[PDB]
């Protein structure tokens, strides 16, 4: 099913998380001054880049991952080999995108240690995870892992690939209350004919989870659709091919542009 239009409050949240996601490509340029920038998440071998942040005014600890900013990252993006999600073996039969798994493994210890410290200090804060493109799948794997330990994890993704198999998607749907848009804590944001949410193809054993929030132009709260279920519709019906203009530009913000 689908409905057109979301609340301004929700819309504004999506835009804020999209801003941080798109700023992650340029050392978090021009993000709100009320966000406290914490430690840089980094592995040289995978070139995974991200940060832990805190917003005391919204009572959230935010983990953001940069999408592809190097050929090293592109190697990760284009490895579609399904891999058992062995860092979270309670996810029975869960398999994930092989490239993003290699990414995740490279930064897991650092992410978990930073979140543990911050979450213990701010136990009432939401644990929000976000990213664009490769950063969106990194966010998904991270949120999955965090959700087994913490009850207040929230996930906002932009131009997210299919991050794993149906087992993985179903695990995330359960963990993030996806059965209703009224309860969901997983906001899978897509834009117009973005090609990336069609990859890897479902026929290779891949599936999306989350509630899809489909931004159609001209972007606005009124022009964002809420798409539920597993039928082909919204971004996945538009026939977008790979990296296209719709992929790079969410709520008018192009990856690394810094013109917000």
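Residue numbers count along the first chain shown, from 1.
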| property | result |
| --- | --- |
| Segment of higher mean CA temperature factor, 229 to 237 or 204 to 212 | 229 to 237 |
| Which of 117 to 125 and 180 to 188 has higher mean CA B factor, as the PDB entry lists it | 117 to 125 |
| Residue selected from 130, 79, 145, 92 by maximal Cα B factor | 92 |
| Highest recorded Cα temperature factor - choice among 63, 68, 45, 193 | 45 |
| Entry-reported Cα temperature factor of residue 258, expressed as the chain third it lands in | middle |
| Record-listed C-alpha B factor of residue 16: chain third | lowest |
| CA B-factor ranking of residue 105, expressed as a third of its chain | middle |
| Record-listed C-alpha B factor of residue 135: chain third | lowest |
| Third assignment of residue 84 from its chain's C-alpha B-factors | highest |
